[PDB]
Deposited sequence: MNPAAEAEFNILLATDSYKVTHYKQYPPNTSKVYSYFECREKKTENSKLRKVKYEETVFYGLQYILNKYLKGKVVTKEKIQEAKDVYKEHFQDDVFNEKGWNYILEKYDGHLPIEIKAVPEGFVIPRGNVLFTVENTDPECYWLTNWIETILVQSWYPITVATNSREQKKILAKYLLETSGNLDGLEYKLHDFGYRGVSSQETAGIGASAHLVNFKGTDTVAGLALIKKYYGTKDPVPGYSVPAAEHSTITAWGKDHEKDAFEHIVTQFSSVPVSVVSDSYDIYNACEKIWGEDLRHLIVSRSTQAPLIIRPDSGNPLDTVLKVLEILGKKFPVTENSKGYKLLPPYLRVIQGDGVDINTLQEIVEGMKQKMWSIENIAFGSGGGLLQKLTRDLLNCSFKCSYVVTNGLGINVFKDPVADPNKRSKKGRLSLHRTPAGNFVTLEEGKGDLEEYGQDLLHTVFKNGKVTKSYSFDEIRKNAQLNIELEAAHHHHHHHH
């Protein structure tokens, strides 16, 4: 199974010998240091339940870690005594307190999102031990934040080229299962995406949400039948029409997506879809459109040339603001080379050519869930308050060659002014008083406050 004593950076194993004498408390916090001006806080509850809560220390896990580290360091520097103390005194529960803003809250950059401190003075070293596991919440935060920014771009352009926001939550579809680094990442990232949208093909995201968050809806995300290259090319290069015909007929009463660029996307749209199989498309209902999927070439140019061909083979209308609109049984999804930058280029290029955003949805894979780093939001975990010799000092780092790697001081609290802006109070000044938005979510091995996925989606809504 998973062993928390082997779930930290190696140098942190030796930290219990590096503090000043008689150190009783280490206090640390997470923030997205100072374009992404506001971030969605999401993912901590998953980490608390899966890795931190309950009996996480056992006699076998202590023996396992001791053997590994003895060889790893070529020396005895494992704190077997202190880990036995946790096992004996607390039945293997972590004497730790965590306070956090509610999940789904949208918070401007440079504010405390959660804090970590030891509740037993013998475990002063435990705060920075679990930094490694906790700081990985940068990923769901960054995915949920970058996904929400793409929802602003879509909502803005879907509103000027159409006048409404119908189907907005299905306009950016998670295709990223293949392009992420692991099954666990797929689950975490896909659930972070579902904070803002409801279309996904990464099934692991559905499983994570039901197990760790829960929803009133029958399922957190939805998809539609779709073809890949292997289901088309299997019919033979001369039988692409047959492959198309078999697939739209199998799924004639539900939406179906057909990748149409196996050999020539423009021929498939002009000759195959626009003539040979046109009778099978114009007969489809509004609730069961065909979605044509280009998957190669330049993303914007191919989208423009595909829409041009479909426009001169199917009845185009002009909507309430002067933008062109395919018939309700035909749609397009661009799911190749889509990230937040290219997505902006596609929708602007379409608006420039007077096409409505209603005609198109987007699929993002490695760009939505993989090509993201801790430096995008400058997610940072710092120690700000220690107590040595019964004397608490506000600690901080302040490099001379980089003032941007600075950190806050002392005990922190997150507050909201009467005007509404957010402010992080340092040096314990939060005791002088609204009130603190950091609620306790973990204490001494138990999760003390939970949020459902519906509550998270409500907090992360746009204005």
Stretches with no C-alpha position, numbering per deposited sequence from 1: 1 to 7, 42 to 52, 452 to 453, 484 to 497
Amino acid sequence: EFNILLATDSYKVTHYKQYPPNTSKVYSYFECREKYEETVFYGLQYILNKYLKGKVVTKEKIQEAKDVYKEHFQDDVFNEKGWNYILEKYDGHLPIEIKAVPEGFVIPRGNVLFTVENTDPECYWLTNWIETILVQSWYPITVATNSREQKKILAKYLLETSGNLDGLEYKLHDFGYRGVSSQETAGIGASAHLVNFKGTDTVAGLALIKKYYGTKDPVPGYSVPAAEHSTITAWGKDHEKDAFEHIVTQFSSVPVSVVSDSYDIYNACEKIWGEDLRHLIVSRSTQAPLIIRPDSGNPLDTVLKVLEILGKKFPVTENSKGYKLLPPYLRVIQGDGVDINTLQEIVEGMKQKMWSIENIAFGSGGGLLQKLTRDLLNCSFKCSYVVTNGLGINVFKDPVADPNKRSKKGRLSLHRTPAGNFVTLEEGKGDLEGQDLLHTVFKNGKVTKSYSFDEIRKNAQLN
From here on, numbers count along this sequence of modelled residues.
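Think of the rigid core as the biggest set of C-alphas that the two forms share within 1.5 Å after superposition.
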Segment of greater CA departure in 7 other deposited structures of this protein, 395 to 403 or 416 to 424, core superposed: 416 to 424
Residue gap status of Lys35, at least a third of other entries: yes
Higher-B stretch (mean Cα B-factor, as the entry records it), 172 to 180 or 261 to 269: 261 to 269
Higher-scoring stretch by recorded Cα B factor average, 375 to 383 or 191 to 199: 375 to 383
Identity of residue with top Cα B-factor, from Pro121, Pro255, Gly163, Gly92: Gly163
Residue selected from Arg109, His229, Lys351, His72 by maximal Cα B factor: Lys351
Lowest, middle or highest third - CA B-factor, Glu131: lowest
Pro403 by Cα B-factor - lowest, middle or highest third of the modelled chain: highest
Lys35 CA temperature factor, ranked by third within the chain: highest
Lowest, middle or highest third - CA B-factor, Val101: lowest
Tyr19 by Cα B-factor - lowest, middle or highest third of the modelled chain: highest
